[PDB]
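Chains as they are written, first to last, in PDB author numbering: chain D, 595 to 660; chain C, 159 to 407, 409 to 430, 441 to 858; chain B, 265 to 396. Note that the Cβ used here is the ideal one computed from N, Cα and C, for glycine as well. Shown next, in structure tokens, is the structure this report addresses.
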Ligand SMILES: Nc1ncnc2c1ncn2[C@@H]1O[C@H](COP(=O)(O)OP(=O)(O)OP(O)(O)=S)[C@@H](O)[C@H]1O
Ligand SMILES: Nc1ncnc2c1ncn2[C@@H]1O[C@H](COP(=O)(O)OP(=O)(O)OP(O)(O)=S)[C@@H](O)[C@H]1O
Ligand SMILES: Nc1ncnc2c1ncn2[C@@H]1O[C@H](COP(=O)(O)OP(=O)(O)OP(O)(O)=S)[C@@H](O)[C@H]1O
């Protein structure tokens, strides 16, 4: 009823958060960025949830999901 | 019957040697042979993003059926290719299409499971014929596909699959998916070796194998729009076309032929002579070069034909492996292969001797050239004009940026590291932070880079980071998210980069934005991907990112005297650490520190501005010389620390241009006559002598 | 018919974004889907010519018929090449409009067209100044 894991990595910069996750994708899929990498520094406004969910019916990018 | 008309065989075209070889792809051909041999739903659809080898897997299934490497259930299965454009094109009357398609289904029922039907573009089939009185062509294959009586094989894209088939679930579950993924780099090299054989046979070259491994790795690095293994085949075949075109015509022939026709026109106009003798010498020279060129053409033709006959021998020995002739095997092998290979290498060393008037084999220099002309990025290995240009970097930036040793050294280093091939290929080239007080050369250092690099000042993606005082910023450079207003148009930074992938990104006056606009740039300067609102990421691993703040104007103008450069860099880095966040100044390549100007710098700036002023008036049709004492007054009247170099600009502007504009519109100073700007008591006079 | 010509015909489809959604009737074969298995086998030698924003709108919407084609980026020419183009078309327009054009008129048209008109792009606005 859940995903496999859901980790909240913390810690000051340049100690290997993002390369740990790229290390996981390099292990698991034999490729560094073969993974769904969402930048959570684009979503600084409330109306940009809909980049990942998609568009509600009768709007612009309704044909194209999230 | 109907299968004569509306279908094309593929096992003929794998039997006659018209299809390209298919190398790799173990798991997908085994899974396609699993899904074709069921009782219900004999319908694999091959789904992958376009060009990763989907139609090539049906090519590989045709070739494995003909060679007989398959399990015994498929041995004898014809692979008929259907094309919808041959079905529809006659059906003018009502029900002609339904008659044709029912005829195809009955002539496949009369085969008893023998024919694997190949629809390419399965996404097209849904709704082919929908009209007033119609059957939509999905409502005539839903019964026949439902019972497994048809062995259809689908070949569609992924986004065409979201658009066209999963809008229609009743024909979505008739088909089983086979997810064809993007192939890896090493398998790409394997595919390129098989097609190295094929493309050397077509375009009359020799493709060396380091060109292939460079083409795979460099295509995977630079071209980020398309998908492998197709971008590598693009670089290979376009390099082969380049080599064949350079074989087809030299350039010394151009120079000598234009020379002899020019001297022929001159000699016939003069009819002292000497030009009969010179023209006869040039005609003998041109005939020598023409005969040597024809010798090279004949040698390369013989070598390519003998390579083609070698591959004819390989085709014949595989025909003998399928048929089983006895003396033909050892005959073809031990006769044909080693003697034609050793005389092929004799022709190879002969061409290595005789090709003078050159490049005759597709090697990695040509892959570098085709990939530099594809994208925009300076991939290629340098020429000597560009390399001596590229070591006069600090020279050719002090033609426009006098002053400022430090940052011209730093940015010279960054562009040199990108050109040698030592940059981190996961980050952009230069992610700089020009600091320093008001008007000391920053925006002109960046314009100096654009005039150096692109030979234009107005070719630099210049975000203006003082319009960005609210988070409307973010929404105006990464585009409008779906549902919202400008989703059809996209951002400015992402589109204006993805046009020219190698471009200076100048973020002018970067502290004037809201402090959380430095969070798009976390993504940029960390990895060089920037996902805009239409959804697709944009490769910023080829830019030069320059942000020109002035956060430390008080500190730098206070303390640039009596301190070295290192302590000043550390101290203004402390000030910047108070203004930015620690997540972001970590990302920067090198924070430089500019400095206030001294008087000799101001005098040199004055000479540069008077160069462009003389350029303006020579475009107008005048000439001006100046006295050195006038330059001394412009130097002494344009010194102040707090404002830098624009006091010189408006002092020049006033104390030269305004009385000169008084006098040019006076009808006084006649053009053509030399203007001297000698001093007055304090002003500058202009005379006519 | 073009396959019968044995590759002796280079096709030329200006406004390729017209071709992409061309004959798209009520769910039938447009021009894109019928040409799409004959482009990437080389049996047709099309040459497109498209505006750039039409490319991003109408061709990169449809990724297959995108990757059959090669982008050949044609940048705006510089001022001096514009001067050369204007010299050849000075010959042509002096044939047409019964008048004579001098070299200062050409270099003035190129410089003032690039510096002042901000909407259209070179070499076109230079030729519009000359023709008008
Ligand atoms: N523990 C580590 N082992 C190896 N490389 C590391 C390590 N930490 C950082 N790096 C290098 O630093 C970069 C990755 O930095 P990150 O730690 O991923 O930055 P971060 O984790 O996102 O923290 P922030 O949010 O960026 S400040 C890559 O260039 C890595 O090579
Ligand atoms: N694994 C492979 N083995 C052999 N050739 C390959 C392979 N992958 C790609 N190719 C070549 O790639 C070219 C076209 O690839 P295709 O599979 O035809 O792309 P595609 O399947 O048509 O994708 P779409 O969606 O139909 S455009 C041909 O020249 C093939 O020879
Ligand atoms: N070393 C230099 N060589 C030539 N011109 C210089 C030099 N230093 C400054 N300048 C002149 O200084 C003028 C103003 O500099 P700009 O770069 O335009 O201002 P800025 O550097 O952006 O600083 P601010 O804070 O943005 S006003 C430019 O027009 C240059 O002509």
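Item: Residue-level contact to chain D via CB, residue 691 (chain C), 9 Å cutoff; Value: yes
Item: Status (buried if at least 16 other CB within 10 Å, exposed otherwise) for residue 625 (chain D); Value: exposed
Item: Cβ-Cβ separation, residue 604 (chain C) to residue 763 (chain C) (assumed contact under 8 Å), whole Å; Value: 6 Å
Item: Min CB distance residue 656 (chain C) to chain D below 9 Å; Value: yes
Item: CB-CB length for residue 821 (chain C) against residue 778 (chain C), believed under 8 Å; Value: 5 Å
Item: Those runs of the beta strand (DSSP E) which lie wholly inside the segment 707-743 of chain C and span at least 3 residues; Value: 713-717
Item: Same chain only: Cβ atoms within 8 Å of residue 339 (chain C), ignoring 5 sequence neighbours per side; Value: 206, 210
Item: Chain C residues whose Cβ lies nearer than 7 Å to that of residue 398 (chain B); Value: Only positions 265 to 396 of chain B appear in the structure, and residue 398 (chain B) is not among them; the question remains open.
Item: Ligand 2 heavy atom lying under 8 Å from the CB of residue 353 (chain C); Value: yes
Item: Host alpha helix (DSSP H) of residue 635 (chain C) (start-end); Value: Segment: none, residue 635 (chain C) is in no alpha helix (DSSP H) and carries neither H nor E.
Item: Sheet register partners of residue 830 (chain C) (DSSP bridge); Value: BP columns for residue 830 (chain C) are empty, so no partner.
Item: Beta carbon proximity, residue 297 (chain B) to chain C, threshold 9 Å; Value: yes
Item: Exposure of residue 217 (chain C), with buried meaning 16 or more beta-carbon neighbours within 10 Å; Value: buried
Item: Whole-angstrom distance between residue 543 (chain C) and residue 336 (chain B), CA atom to CA atom; Value: 8 Å
Item: Where residue 365 (chain C) falls, given that 16 or more other Cβ within 10 Å makes a residue buried; Value: buried
Item: Which residues DSSP lists as bridging residue 312 (chain B), in chain order; Value: B:277
Item: Chain D contact for residue 320 (chain C) (CB, 9 Å cutoff); Value: yes
Item: Unbroken alpha helix (DSSP H) run spanning residue 564 (chain C), endpoints; Value: 562-566
Item: Beta strand (DSSP E) runs contained entirely in the segment 159-203 of chain C, provided each spans 3 or more residues; Value: 165-167
Item: As assigned by DSSP and simplified to three states, the class of residue 674 (chain C); Value: strand
Item: Inter-residue CB distance, residue 276 (chain C) and residue 246 (chain C) (contact presumed, cutoff 8 Å); Value: Their Cβ separation, rounded to whole angstroms, is 17 Å, which puts residue 276 (chain C) and residue 246 (chain C) out of contact at 8 Å.
Item: Alpha-carbon spacing of residue 685 (chain C) relative to residue 638 (chain C), whole angstroms; Value: 10 Å
Item: Cβ distance (whole Å) where residue 607 (chain C) is taken to contact residue 812 (chain C) below 8 Å; Value: 6 Å
Item: Contact list for the segment 668-693 of chain C against chain D, Cβ threshold 8 Å; Value: 685, 688, 689, 691, 692
Item: Listed by chain order, chain C residues near residue 649 (chain D) by CB distance under 8 Å; Value: 651, 652
Item: Unbroken stretches of the beta strand (DSSP E), 3 residues or longer, contained in the segment 298-346 of chain C; Value: 312-314, 334-337
Item: Cα-Cα separation between residue 567 (chain C) and residue 559 (chain C), rounded to whole angstroms; Value: 14 Å
Item: Chain-ordered neighbours of residue 300 (chain B) on chain C, where CB pairs are closer than 8 Å; Value: 279
Item: Exposure label - residue 621 (chain D); buried when at least 16 CB within 10 Å; Value: exposed
Item: Between the CA atoms of residue 249 (chain C) and residue 289 (chain C) - distance to the nearest angstrom; Value: 12 Å
Item: Range covered by the beta strand (DSSP E) that runs through residue 603 (chain C); Value: 599-603
Item: Chain-ordered neighbours of residue 241 (chain C) on chain B, where CB pairs are closer than 9 Å; Value: 298, 301
Item: Candidates C:585, C:846, C:837, of which the one nearest residue 824 (chain C) by Cα; Value: C:846
Item: Limits of the alpha helix (DSSP H) - the one that residue 641 (chain C) falls within; Value: 641-646
Item: Inter-stretch contact (C-beta, 8 Å, three-pair minimum) for the segment 653-661 of chain C and the segment 696-704 of chain C; Value: yes
Item: CA-to-CA distance, residue 598 (chain D) to residue 182 (chain C), given in whole angstroms; Value: 32 Å
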